[PDB]
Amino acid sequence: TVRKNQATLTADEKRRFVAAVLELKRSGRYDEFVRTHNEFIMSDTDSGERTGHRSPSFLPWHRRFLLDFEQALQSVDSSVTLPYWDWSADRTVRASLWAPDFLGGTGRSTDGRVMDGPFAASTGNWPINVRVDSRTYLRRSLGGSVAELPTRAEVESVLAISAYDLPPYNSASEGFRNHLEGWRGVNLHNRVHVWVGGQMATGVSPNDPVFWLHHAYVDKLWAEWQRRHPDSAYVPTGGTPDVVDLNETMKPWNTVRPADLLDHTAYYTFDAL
């Protein structure tokens, strides 16, 4: 129940994480996670109903989504937990994260195809099934579309924002949530998707296993923000059309509310907070 920095994983932990992810893929369970995410990212809009993105529920939603995935992983290997990627620290293509024994590296220049690691198309173990175009192989272009990943200094500036979110509760909002998501400001979360490229830059981003590590760190940053701002909490707190209020239930689960997900310690802890 402890989520660790990907850079600190042992060879066995990396091996077990990879094996668990590959089994979820083989069994067909993995692709359904990709589909769910794509469906919400395609429907969430600034002017209408928004639940998974560009809205206050962006954080609790991805928190629950990751929990669903971690639980599925644990059904294969109970020792496995989601590791997180601190992209402000491990910001180069030579990060152990992109090694052949973990996630594999960047894609070749011709078609962006990842050529090494356990998820390379050549292994026959990672077919891209849920997609927007005909390409069926994992693609990446680390640092191709955007020059740099966020810096610690930039992350600190966002963590310093006191208000969790603010009307109109969408991509135009000031406040922590939108700055962490990245639609406004120095851009943290969105920029990382862009930096990785390939499927990670599209609606079917969970096709790349790094998706979970990226969001696990985004999730950790929410936890860090809570520690810095004990007097700040989730908003809105009632009667907001198209937005998930604190005590309202979230789709697709329908049985959980942001209020049930604010405290992560009920589900897991971090190696260091």
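Don't overthink the numbering: it's just position in the shown sequence, from 1. What we label the rigid core is the largest C-alpha set whose atoms superpose within 1.5 Å from one form to the other.
Of 130 to 138 and 187 to 195, the stretch whose C-alpha atoms sit farther from the shown form in 9 other deposited structures of this protein, after fitting on the rigid core, is 130 to 138.
Once the C-alpha B-factors are averaged per stretch, 92 to 100 and 136 to 144 rank with 92 to 100 first. Stretches 242 to 250 and 209 to 217 differ in mean CA B factor, with 242 to 250 having the higher one.
Looking only at 55, 47, 27, 36, the residue with the top Cα B factor in the deposited structure is 47. Note on 130, 186, 72, 114: the highest value goes to 186, judged by CA B factor as recorded.
Residue-level temperature factors show residue 67 in the lowest third of its chain, judged at the C-alpha atom.
In the deposited entry, the Cα temperature factor of residue 12 places it in the highest third of its chain's modelled residues.
When the CA B factors of the chain's modelled residues are split into thirds, the value for residue 118 lands in the lowest one. Residue 124 sits in the lowest third of its chain by CA B factor, as recorded in the PDB entry. Among the modelled residues of its chain, residue 151 has a C-alpha B-factor that falls in the highest third, as given in the PDB entry.
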